[PDB]
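**Student:** What follows is a single structure, and I will ask about it in a moment.
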Amino acid sequence: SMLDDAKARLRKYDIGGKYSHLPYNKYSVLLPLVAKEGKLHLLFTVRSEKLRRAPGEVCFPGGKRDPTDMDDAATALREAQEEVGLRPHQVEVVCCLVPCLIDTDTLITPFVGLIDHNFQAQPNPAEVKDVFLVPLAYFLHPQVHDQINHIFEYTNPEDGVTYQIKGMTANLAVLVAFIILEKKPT
Ligand SMILES: COCC(=O)Nc1c(C)cc(C)cc1C
């Protein structure tokens, strides 16, 4: 099936816990995969205008590890629950992708999660201004704009709203699309 095929591809890129103990400032992100209308989509958040870092920008759910978290996957799930109301029984964490190094002292660990078909997002307005889906295939032929620095523009055909996706978020989206969609019979 489509979902069994996705998880089997993703598992080949799992680095597991190999880099998780190193002494960094630690953050995790959840890359949430949703099946709709026969195809896979990624779920994104628009950050609230009130936040200090990157107000109004597109990112994946996530945040800073705290002393309650059992492991880095726990950080990503705690934060996803707080931001969009995703409950633990509604996500299967399939793997841990390559971590992102920034600012010389920070390590961001990305997890890919498969989302239950009955989940519906409940954006928390203190943290999240908007939630939207993008079909995974978009990231193989994006609409690119140069600010020189590459920015993707995605327009939702439901309502005509345009979103800008850039930086680490855009880089991880492309990576997941390659893993799952490369070399597939039609
Ligand atoms: C200080 O925590 C780091 C951070 O960026 N947090 C955060 C992230 C990652 C995503 C969303 C949607 C909302 C928040 C508050």
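Convention: chains lettered A, B, ... in structure tokens order; per-chain residue numbering from 1; ligands numbered from 1 as shown.
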Please identify the residues whose atoms come within 10 Å of ligand 1, using only C-alpha atoms and all ligand atoms, and report them as a ChimeraX atom specification.

**Tutor:** /A:26-30,44-48,50-65,76,79-80,82-84,108,123-124,126-131

**Student:** Once DSSP has gone over the backbone, tell me which residues of region 46-167 of chain A are in strand (DSSP E), as a ChimeraX atom specification.

**Tutor:** /A:46-47,58-59,62-64,91-96,100-102,106-115,128-135,144-146,150-155,162-165

**Student:** Output N, CA and C atoms of each residue in that selection to a file, as a compact mmCIF listing (two decimals), in the first residue's frame.

**Tutor:**
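Full text of again.txt as output:
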```
# COMPACT_ATOMS: atom_id res chain seq x y z
N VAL A 46 1.83 28.22 10.55
CA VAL A 46 2.26 29.59 10.48
C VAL A 46 2.40 30.08 11.93
N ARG A 47 3.60 30.55 12.27
CA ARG A 47 3.86 30.99 13.63
C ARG A 47 3.10 32.28 13.94
N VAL A 58 6.50 30.18 8.20
CA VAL A 58 6.05 28.80 8.05
C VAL A 58 7.11 27.91 8.68
N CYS A 59 6.69 26.98 9.53
CA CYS A 59 7.58 25.98 10.11
C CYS A 59 6.81 24.70 10.42
N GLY A 62 7.13 21.93 16.62
CA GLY A 62 8.36 21.52 17.37
C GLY A 62 8.74 22.55 18.41
N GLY A 63 9.89 22.34 19.04
CA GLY A 63 10.43 23.26 20.01
C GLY A 63 11.51 22.69 20.87
N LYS A 64 11.78 23.37 22.00
CA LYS A 64 12.95 23.04 22.88
C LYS A 64 12.72 21.86 23.80
N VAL A 91 -0.53 9.68 16.17
CA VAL A 91 0.71 9.71 15.40
C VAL A 91 1.60 8.46 15.60
N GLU A 92 2.13 7.90 14.49
CA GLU A 92 3.14 6.88 14.58
C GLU A 92 4.47 7.52 14.08
N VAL A 93 5.43 7.64 14.98
CA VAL A 93 6.78 8.10 14.65
C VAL A 93 7.53 6.97 13.95
N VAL A 94 8.00 7.25 12.73
CA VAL A 94 8.49 6.22 11.82
C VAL A 94 10.04 6.28 11.79
N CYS A 95 10.60 7.48 11.87
CA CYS A 95 12.04 7.64 11.93
C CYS A 95 12.54 8.99 12.30
N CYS A 96 13.85 9.01 12.54
CA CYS A 96 14.62 10.17 12.86
C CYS A 96 15.58 10.44 11.68
N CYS A 100 20.08 18.90 12.06
CA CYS A 100 20.45 20.19 11.48
C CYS A 100 21.32 20.91 12.56
N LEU A 101 22.54 21.30 12.21
CA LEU A 101 23.44 22.09 13.12
C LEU A 101 23.29 23.56 12.86
N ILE A 102 23.06 24.37 13.90
CA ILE A 102 23.04 25.82 13.74
C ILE A 102 23.68 26.60 14.88
N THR A 106 23.80 24.49 18.73
CA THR A 106 22.39 24.02 18.68
C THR A 106 22.25 22.88 17.65
N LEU A 107 21.51 21.84 18.06
CA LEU A 107 21.22 20.69 17.24
C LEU A 107 19.68 20.46 17.22
N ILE A 108 19.12 20.46 16.02
CA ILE A 108 17.66 20.24 15.75
C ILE A 108 17.44 18.89 15.13
N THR A 109 16.69 18.02 15.83
CA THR A 109 16.45 16.68 15.41
C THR A 109 15.01 16.57 14.75
N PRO A 110 14.93 16.19 13.45
CA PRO A 110 13.65 15.98 12.76
C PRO A 110 13.12 14.53 12.81
N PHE A 111 11.85 14.37 13.21
CA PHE A 111 11.16 13.10 13.19
C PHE A 111 10.02 13.09 12.18
N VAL A 112 9.85 11.99 11.43
CA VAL A 112 8.74 11.87 10.47
C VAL A 112 7.65 11.06 11.15
N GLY A 113 6.40 11.59 11.11
CA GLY A 113 5.28 10.93 11.74
C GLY A 113 4.10 10.75 10.80
N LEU A 114 3.46 9.57 10.81
CA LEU A 114 2.24 9.32 10.02
C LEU A 114 1.02 9.63 10.88
N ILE A 115 0.14 10.48 10.36
CA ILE A 115 -0.99 11.08 11.10
C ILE A 115 -2.31 10.32 10.81
N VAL A 128 0.25 29.60 17.12
CA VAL A 128 0.05 29.22 15.75
C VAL A 128 -1.08 30.10 15.18
N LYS A 129 -0.79 30.82 14.11
CA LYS A 129 -1.80 31.64 13.40
C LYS A 129 -2.63 30.87 12.37
N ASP A 130 -2.08 29.78 11.83
CA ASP A 130 -2.71 29.06 10.73
C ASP A 130 -2.00 27.68 10.64
N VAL A 131 -2.73 26.71 10.12
CA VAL A 131 -2.25 25.34 9.78
C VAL A 131 -2.71 25.04 8.36
N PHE A 132 -1.86 24.46 7.51
CA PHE A 132 -2.24 24.09 6.15
C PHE A 132 -1.48 22.85 5.66
N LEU A 133 -2.03 22.21 4.62
CA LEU A 133 -1.40 21.03 4.02
C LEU A 133 -0.79 21.40 2.70
N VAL A 134 0.31 20.72 2.32
CA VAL A 134 0.87 20.83 0.95
C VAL A 134 1.10 19.43 0.40
N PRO A 135 0.63 19.14 -0.83
CA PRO A 135 0.93 17.80 -1.34
C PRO A 135 2.46 17.58 -1.43
N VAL A 144 9.55 28.68 -7.45
CA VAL A 144 10.73 29.21 -6.74
C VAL A 144 10.87 30.71 -7.02
N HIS A 145 11.22 31.47 -5.98
CA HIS A 145 11.37 32.93 -6.03
C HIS A 145 12.67 33.28 -5.29
N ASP A 146 13.50 34.14 -5.88
CA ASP A 146 14.80 34.47 -5.29
C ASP A 146 14.79 35.84 -4.59
N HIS A 150 16.70 31.05 -2.05
CA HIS A 150 15.54 30.36 -2.66
C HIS A 150 14.32 30.22 -1.73
N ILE A 151 13.19 30.72 -2.20
CA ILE A 151 11.92 30.73 -1.48
C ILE A 151 10.89 30.00 -2.35
N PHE A 152 10.14 29.07 -1.76
CA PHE A 152 9.01 28.42 -2.45
C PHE A 152 7.71 29.18 -2.17
N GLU A 153 6.86 29.33 -3.19
CA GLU A 153 5.49 29.87 -3.02
C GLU A 153 4.46 28.81 -3.37
N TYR A 154 3.55 28.57 -2.44
CA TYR A 154 2.51 27.56 -2.63
C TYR A 154 1.17 28.25 -2.46
N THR A 155 0.29 28.05 -3.44
CA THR A 155 -1.09 28.59 -3.39
C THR A 155 -2.12 27.48 -3.18
N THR A 162 -1.72 32.29 -0.69
CA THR A 162 -0.31 31.98 -0.96
C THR A 162 0.53 31.95 0.34
N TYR A 163 1.35 30.91 0.48
CA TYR A 163 2.30 30.78 1.58
C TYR A 163 3.73 30.72 1.02
N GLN A 164 4.66 31.33 1.76
CA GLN A 164 6.10 31.26 1.50
C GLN A 164 6.77 30.24 2.42
N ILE A 165 7.56 29.33 1.84
CA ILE A 165 8.22 28.30 2.63
C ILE A 165 9.72 28.42 2.32
```

**Student:** For the structure I just gave you, how does DSSP split region 54-152 of chain A - specifically, which residues are helix (DSSP H, G or I)? Reply as a tab-separated table (two decimals) with C-alpha atoms, in the first residue's frame.

**Tutor:**
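out.tsv was written with the following content:
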```tsv
chain	number	residue	atom	x	y	z
A	72	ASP	CA	14.02	13.71	21.51
A	73	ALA	CA	10.92	12.07	19.91
A	74	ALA	CA	9.00	12.96	23.14
A	75	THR	CA	9.91	16.67	22.66
A	76	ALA	CA	8.46	16.69	19.16
A	77	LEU	CA	5.17	14.97	20.29
A	78	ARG	CA	4.73	17.22	23.39
A	79	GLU	CA	5.15	20.28	21.28
A	80	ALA	CA	2.86	19.08	18.46
A	81	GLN	CA	0.09	18.46	21.08
A	82	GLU	CA	0.53	21.97	22.56
A	83	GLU	CA	0.55	23.75	19.15
A	84	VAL	CA	-2.15	21.93	17.11
A	88	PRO	CA	-0.19	10.51	20.88
A	89	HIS	CA	-2.54	7.82	19.71
A	90	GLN	CA	-2.94	9.95	16.53
A	136	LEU	CA	4.32	16.08	-1.00
A	137	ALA	CA	4.76	16.01	-4.83
A	138	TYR	CA	4.80	19.81	-4.94
A	139	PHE	CA	8.36	19.75	-3.53
A	140	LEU	CA	9.64	17.98	-6.65
```

**Student:** If you count only C-alpha atoms, which residues fall within 12 Å of residue 9 (chain A), apart from same-chain ones fewer than 4 positions away, as a list in words?

**Tutor:** residues 2, 3, 4, 5, 13, 14, 94, 95, 112, 176, 177, 178, 179, 180, 181, 182, 183 and 184 of chain A

**Student:** Please indicate the distance in Å from CA of residue 42 (chain A) to CA of residue 173 (chain A), rounded to one decimal place.

**Tutor:** 7.9 Å

**Student:** Select, from A:87, A:71, A:149, A:49, the residue with the minimum atom-to-atom distance to residue 167 (chain A), counting only C-alpha atoms.

**Tutor:**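 Of all the options, A:149 lies closest to residue 167 (chain A).
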